[PDB]
Amino acid sequence: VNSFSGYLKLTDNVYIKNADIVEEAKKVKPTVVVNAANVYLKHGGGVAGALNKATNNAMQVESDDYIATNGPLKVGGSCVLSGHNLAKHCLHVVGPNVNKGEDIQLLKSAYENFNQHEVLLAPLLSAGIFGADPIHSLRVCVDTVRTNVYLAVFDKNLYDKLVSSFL
Ligand SMILES: CC1(C)CCC(=O)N1Nc1ncnc2[nH]c3cc(F)ccc3c12
């Protein structure tokens, strides 16, 4: 038993709540929050920029030191850093960016990083809010992650509808 609430059981190990992942994290303070990051860990906007703003830029400061030491992540890769005031840890995961011509098959590799953690609060990766992409991000998540994943989806229409289209 954990402290997640209003999470609609999607499968044996996948759950979802109509929520902003940043606000979910502040309330729950989970062991692991997933950031939908880029390879440079430049948290300018989206979940990344909003989580970082919620850390008062401490996430960015820590990330810049990580990159200066280790260089960029791989598309499909991840690193574990501090969760600051939002979680014990933040798992920064990079899904393919199709607008950069990056192969979306790498989305499965991205979700495989979740299997190294027993429980995670996560947003949708390589999805966005338009077309069959966000819908696609969920199918790969369900078919790839075996650990317990709590998906926060901020957009209601997508939340409402991913549920209604879920096989
Ligand atoms: C793009 C994608 C990652 C996948 C589908 C989805 O809804 N996304 N965004 C978000 N994901 C998680 N929490 C969120 N909080 C928010 C608060 C806002 F004002 C605006 C957007 C979000 C948001």
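Every heavy atom of this structure was used, including side-chain atoms; hydrogens, water molecules and symmetry mates were not. In this chain, residues are counted from 1 in sequence order.
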Checklist outcome for this item: For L41 and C79, the nearest pair of non-hydrogen atoms, with its separation, is CD1-SG, 4.0 Å

Checklist entry - Taking the six-membered ring for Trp, is the centroid-to-centroid distance between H43 and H92 below 6.0 Å? => result yes

Item to check | Residue pair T55, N85: steps toward the side chain to side chain contact (heavy atoms under 4.5 Å, CB included) verdict | outcome: CA-CA 6 Å; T55 77; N85 54 317; 3.5 Å; yes

Check the hydrophobic clustering (I, L, V, M, F, W, Y; side-chain heavy atoms under 4.5 Å; chains of links allowed) and say if [X] and [Y] are grouped together.
X	Y	value
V145	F166	yes
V119	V142	no
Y15	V163	no
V93	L73	no

Next on the checklist: Would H84 and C90 count as a side chain to side chain contact (heavy atoms under 4.5 Å, CB included) here? Give the steps.
Outcome noted: CA-CA 8 Å; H84 301 277; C90 179; 5.9 Å; no

Checklist entry - Only one of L120, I21, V22 clears side-chain contact (heavy atoms from CB on, under 4.5 Å) with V33; which? => result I21

Item to check | side-chain contact (heavy atoms from CB on, under 4.5 Å) partner of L124, chosen from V153, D155, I16 | outcome: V153

Checklist entry - So does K108 pair up with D143, basic N to acidic O under 4.0 Å? => result no

Next on the checklist: I want to check something: taking the side chain as every heavy atom from C-beta on, are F114 and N148 in contact at a cut-off of under 4.5 Å?
Outcome noted: no

Checklist entry - CG/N35 to CG/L86 distance, rounded to the nearest 0.5 angstrom? => result 10.0 Å

Checklist outcome for this item: Interatomic distance, NZ@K17 vs CG@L121, rounded to 0.5 Å, equals 9.5 Å

Next on the checklist: Is it true that, when you exclude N157 itself, more than 12 heavy atoms of the residues, nucleotides or ligands shown sit nearer than 6.0 Å to its CG?
Outcome noted: no

